[PDB]
Amino acid sequence: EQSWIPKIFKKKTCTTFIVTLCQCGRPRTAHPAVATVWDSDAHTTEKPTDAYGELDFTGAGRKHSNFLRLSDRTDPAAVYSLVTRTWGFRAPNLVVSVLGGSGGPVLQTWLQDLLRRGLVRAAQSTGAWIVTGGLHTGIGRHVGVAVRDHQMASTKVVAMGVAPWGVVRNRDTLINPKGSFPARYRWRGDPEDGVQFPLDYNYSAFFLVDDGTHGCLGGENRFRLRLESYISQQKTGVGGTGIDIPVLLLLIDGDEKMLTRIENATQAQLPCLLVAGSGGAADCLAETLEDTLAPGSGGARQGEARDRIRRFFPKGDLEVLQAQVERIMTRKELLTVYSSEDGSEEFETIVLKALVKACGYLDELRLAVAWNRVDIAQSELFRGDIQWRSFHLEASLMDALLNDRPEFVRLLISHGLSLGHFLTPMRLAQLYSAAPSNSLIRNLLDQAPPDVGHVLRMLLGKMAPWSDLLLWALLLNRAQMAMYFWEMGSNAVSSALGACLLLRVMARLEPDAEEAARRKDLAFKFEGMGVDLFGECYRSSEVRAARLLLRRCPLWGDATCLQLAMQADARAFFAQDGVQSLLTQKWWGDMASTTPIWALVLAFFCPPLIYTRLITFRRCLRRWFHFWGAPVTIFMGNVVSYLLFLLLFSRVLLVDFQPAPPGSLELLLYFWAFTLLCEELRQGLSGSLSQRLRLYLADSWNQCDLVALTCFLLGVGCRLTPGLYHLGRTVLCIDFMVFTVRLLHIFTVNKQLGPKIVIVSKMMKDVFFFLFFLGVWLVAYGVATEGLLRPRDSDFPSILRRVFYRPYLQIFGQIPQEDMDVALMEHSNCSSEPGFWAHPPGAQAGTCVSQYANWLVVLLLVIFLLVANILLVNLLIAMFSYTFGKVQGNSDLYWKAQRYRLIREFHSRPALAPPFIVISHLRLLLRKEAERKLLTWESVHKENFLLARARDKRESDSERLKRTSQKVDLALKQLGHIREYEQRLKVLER
Amino acid sequence: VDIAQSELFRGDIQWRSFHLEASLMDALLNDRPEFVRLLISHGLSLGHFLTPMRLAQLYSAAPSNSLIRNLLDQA
Amino acid sequence: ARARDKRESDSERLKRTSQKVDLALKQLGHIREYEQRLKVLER
Amino acid sequence: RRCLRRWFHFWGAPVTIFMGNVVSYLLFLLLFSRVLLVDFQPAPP
Ligand SMILES: [Ca+2]
């Protein structure tokens, strides 16, 4: 996408030649037919640019170095937009324009060290921009080599080149109005002249300013200054939240023209940093500022003396230099001197103080947040001399939140930053407004002032600053921010489970894919953290408090912790011992969890025994209801009722089922089945009508019960009709099978059998594989045998029998040799067809079979027996063994999870058994400070757990090794210092 | 390698395209990956570097009787 | 990413610490020699 | 025409070709079995 690039940007060709030789820098001969003082704009013609695209320096580089040619009189907004958007460069956190003449190809060692170590390092750390001449000469070359050395030794800095068109060596190769996306640049040009220079190969971007001249210097000064000012007017990301981008000018040596440029920059309110001892045109200003409030007598001509000394003799006589120095001092607040300090190389702090002084609201904390320098912020805060205001830190906190800098927010909060007063509906709206472009949260907010209530309602279903901040972070999916807020939350466990729920639902709702997977991962991390916190809260402290923690219903959604876990499928959460013990206790209701099963049975059959001490736990009726109200006793009663129901069903079906009108027992059976139907109706109805109906029908067991009951009704209806008695009997016969299959549910309660049942459920893929394999083989062998025999019955039912049924039973040791092996049969001439025939003795083995090639029949029999009885069955064994070995853990977790659903289901069933449950359905028809202390105790445990994790991490070997590396680096730094002092003392010895 | 990196990093020393081209050829022939990496990283023009003569030289460095050598001979 | 991960591995960090300690010992020998020279020049 | 384009897309998809081929193969086996077990006679085919 570049079609607009020629549109908004224009190159400059001079309209008029002004003297043989033009002022335009081109020979008189090479000029257009249109050819007192030449003007760079008045006598210039504009046309669409023809030298855009990107460079590919021959050899090294990132294979991408964007280049542009534009007129000097170009608005900077378009340039900034181009760089930020089209070329993909991130907005700058700081712009350092490195002025400087640097006379001579070689620069002093201390200056080169300062550049390479401070300037480039700080630029990389803070993601700043370096603006210099994009030429392999002057200060630009030094900057480029410094950047290259830093990149090599670091184990990518962004620097641009603003250079005049006409002085770029080999400009022709870059000319391509269509486009020069690839671009070969011969920067190793053998000829060397000062009229033109090659482009440095270390600069990521270029700005070949043009002013209709074939060579000159300084033409780009206007554009450079305007660009710097415009960048200074922008903001540091996060919409308008970002502070004004700091822009700083660094000056080393230079000339009078550099003094003029410094004056222009100061006029444009741009801070300037001067290096002491750099050389001419730079150290003079440093000295003058050092003079500052010098005495009027004997100082007025001191400035002139300094000008004539530091500056070159030319123009020294001219008073213009002194007047310009005075004008510069007029705004000395924007000037600073780089204290040499024997090569301090502490660039960032000097820049910070210079920016603060220039500002005279921009604050150190806001700048530190704008950059990623946590150390700067902590140093500034730790400085006791500096005093901070509530809003002073509030602005910084807002910036940190908007830009997602967890470390900064942590540090700011830790420094006594009031939070309750900090958050406001306006600020919260701002925070939510920072949704990244088209994110799912943004779509949800648009579809829905934050107005976050409705989005949460539509997410969950709906069927304290920390809480709000945590919710916002979860919505925006800022992992570290959310984790930190949770660490400061109040309802830690319930908060964690709610976060897991919300993240999982959002992820299933995201078009994010791998980004959604990170939300899924964040959900897993939160679930694990909640698990660990609860495990600590339970084992290490009173279990009663843990029980209270789970049962309570916080304000997250007015739902219990267990409900949240179940809705989020937080399988890991239920897997821990504490939750299982609590669930067991609820399962036994009021009676003790240790009650032996046999004791329970004896109590069940001997109601009076419940009052004996042999079972552990008006008082009498209260105890009675407790016993009969416990979920376990309801379960046992229901099982007994179900068994009696099956017994009655079997009795009726096998004996009393007659064509006559139904008897007493059959009617009792009908009433019983109707009771079961009412029970399932109750379960479905109360367990949003469509939503709960789907929830009920989802459970497989309920599907089984429903199919059983519908088949039962179908069969009864059929039997009542006079004609369909047999059909009714048959349907009821199958319905008995369907009912009795339900008894498998009894093994979902045991501590060992439930996992076995789940694993069996997962074996069905292997079962189907074997079934289809056997089906194919059966079809093959059966058809082959039947074809070879050629029985004369040729009756479709008989054909199907001999093709499938008999081969099938051959798998299970029913091998009728007398019906296939001719040797066991009497030879007879049954059929008129030519050949021989025999007479099988079997009733359904065919009237008579051929015997043409019977040895082949026996051979096929042997092959089939082998493949079926041995190979297929053993393959199935192996597949079962492998699958069972592979899915043990997942099955166990799944059972532990569903244990809660089971318990809840049985916790609300009517107290009575199905056969009498009609009476209970009828009844159903016709119809603090302690909490605060609990939360405080939970928060204390959370703090202990967090400290334990942090300390354990800090004591790990890897962290200790890293810290030792840091200390060794510090030791080497100090060793260099003492070595330098040693050299100084050795010198002073003489 | 350290000697080469020190020599290159020395700003006083100026290098020529062929000046590094000879070194690059030597590094390739002797199979010194670090040297070639460093040389290329130092703004060494590559498109102009390779030539059919140079490529023939490179392929001529097949070690004694190697399968590549047999295949080239057969071709 | 691969290069940085390798450089941040424990083994590489330990090797780099060994290099830095060797450099420290070199400089320590230098300063010790200068210490002896200064002690001599004291008289 | 959009209609024919959609039609060809459906019937051109590899999966649909696979399903069609499977159905054809099953019918072929069924025909084979029928012929072999019933209509296979010494008389001309
Ligand atoms: Ca049910």
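Residues numbered from 1 in each chain as written, not as in the entry; some residues may be left out. Chains lettered and ligands numbered in written order. Part of a larger assembly, values for the part shown. Heavy atoms only, no water. Residues with missing side-chain atoms left out of burial classes, pairs and counts.

This entry, as listed in the PDB, derives from cryo-EM and reports a resolution of 3.5 Å.

As recorded in the PDB entry, chain D goes by Transient receptor potential cation channel subfamily M member 4 and comes from Homo sapiens. What the PDB entry is called, per its title line, is "Cryo-EM structure of the human TRPM4 in complex with calcium at 18 degrees Celsius".

For chain A, the name recorded in the PDB entry is Transient receptor potential cation channel subfamily M member 4, with Homo sapiens as its organism. The UniProt entry for chain A carries this comment under Subunit: "Homotetramer." In UniProt, chain A has this text filed under Sequence similarities: "Belongs to the transient receptor (TC 1.A.4) family. LTrpC subfamily. TRPM4 sub-subfamily." (UniProt positions renumbered as here; feature names shortened; annotations may be inferred.)

Colleague: Outline the overall build of chain A, supporting the account with residue identities and numerical values.
Modeller: Counting secondary structure elements, chain A contains 40 helices and 16 strands. At 45 Å, chain A has a C-alpha radius of gyration far larger than the 30 Å of a compact globule built from 990 residues. Each principal axis of the C-alpha distribution contributes one length, and for chain A these read about 135 × 95 × 60 Å. (Helix = DSSP H or I, 4+ residues; strand = E, 2+ residues; numbered from the N terminus. Rg over C-alpha atoms; globule rule 2.2 N^0.38 Å.)

Colleague: How would you sum up the packing of helix α6 (residues 256-267) of chain A against helix α9 (residues 319-330) of chain A? Please name residues and give values.
Modeller: Residue and element names in this part refer to chain A. Interaxial distance between α6 and α9 falls to 10 Å at its minimum, and their mutual angle equals 30°. In this view, α6 runs roughly parallel relative to α9, as classed from their interaxial angle. Here the hand of the crossing between α6 and α9 comes out left-handed. Here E256, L259, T260, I262, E263 and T266 of α6 lie close against α9, whose contacting residues are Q324, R327 and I328. Residue classes in the contact of α6 with α9 are distributed as three nonpolar, three polar and three charged. (Axes fitted to C-alpha atoms, helices over the stretch in contact; angles between N-to-C directions. Parallel < 35°, antiparallel > 145°, perpendicular 65-115°, else oblique. Left-handed = near helix turned anticlockwise from the far one by under 90°. Contact = heavy atoms within 4.5 Å. Nonpolar A, V, L, I, M, F, W, Y, C, P; charged D, E, K, R; others polar.)

Colleague: So, the interface of chain A and chain B: which residues are in play, and what are the values?
Modeller: Facing eight residues of chain A, the contacting portion of chain B comprises 14 residues. Grouping the amino acids of the side of chain A that touches chain B by side-chain chemistry returns four nonpolar, two polar and two charged.

Colleague: Now, about the domain arrangement of chain A: what can you tell me, with residues and values included?
Modeller: As a measure of interface size, the accessible area lost when the parts come together is often cited. Looking at chain A, the domain boundaries give domain 1 (1-360), domain 2 (361-448), domain 3 (465-629 + 898-927), domain 4 (630-762), domain 5 (763-897) and domain 6 (928-990). Put simply, the middle of domain 2 of chain A and the middle of domain 4 of chain A, counted by C-alpha atoms, are 63 Å apart. (Domains from an automatic or database assignment.)

Colleague: Which residues make up the arrangement of the chains, and what values go with them?
Modeller: The top pair by number of contacts, from a total of three pairs of chains in contact, is chains A and B. With no contact between them, chain B and chain D keep their nearest C-alpha atoms 42 Å apart. Spatially, chain C is disjoint from chain D: no contact exists, and the shortest C-alpha separation is 40 Å.

Colleague: Please provide a residue-by-residue account of the UniProt feature "intramembrane region" in chain A, values included.
Modeller: In the UniProt entry, the feature "intramembrane region" is given for residues 801-821 of chain A. Regarding residues 801-821 of chain A, the helix share stands at 48% and the strand share at 0%, and the terminal C-alpha atoms are separated by 18 Å.

Colleague: Lay out the interface of chain C and chain A with the relevant residues and their values.
Modeller: Between chain C and chain A, the contact holds twelve residues from the first and twelve residues from the second. When residues in the side of chain C that touches chain A are grouped by element, the largest group, eleven residues, is from helix α2 (residues 10-42) of chain C. In terms of residue class, the side of chain C that touches chain A is made up of six nonpolar, two polar and four charged.

Colleague: Lay out the environment of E515 of chain A with the relevant residues and their values.
Modeller: Residues and elements named next belong to chain A. Within the secondary structure, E515 is located in helix α21 (residues 514-539). For the pair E515 and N477, spaced 38 residues apart in sequence, the C-alpha to C-alpha distance is 9.4 Å. Reaching out from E515, the side chain makes a polar contact with the side chain of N477 at a distance of 2.6 Å. (Polar contact = N/O pair within 3.5 Å; in protein donor to acceptor, adjacent residues only side chain to side chain.)

Colleague: Give me the lowdown on the pairing of strand β6 (residues 95-98) of chain A, citing residues and values where you can.
Modeller: Residues and elements named next belong to chain A. Taken together, the three bridges between β6 and strand β7 (residues 129-132) define a ladder with parallel strand orientation. By the bridge assignment, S97 is partnered in β7 with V131. Between the parallel pair β6 and β7, the chain is carried across by helix α3 (residues 109-126), and the sense of this crossover is right-handed. Sheet topology note: the β6/strand β11 (residues 247-251) ladder contains four bridges and is parallel. Each bridged residue has a counterpart across the sheet, and for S97 the counterpart in β11 is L249. (Pairing = 2+ DSSP bridges. Right-handed = clockwise from strand over helix to strand, strands pointing away.)

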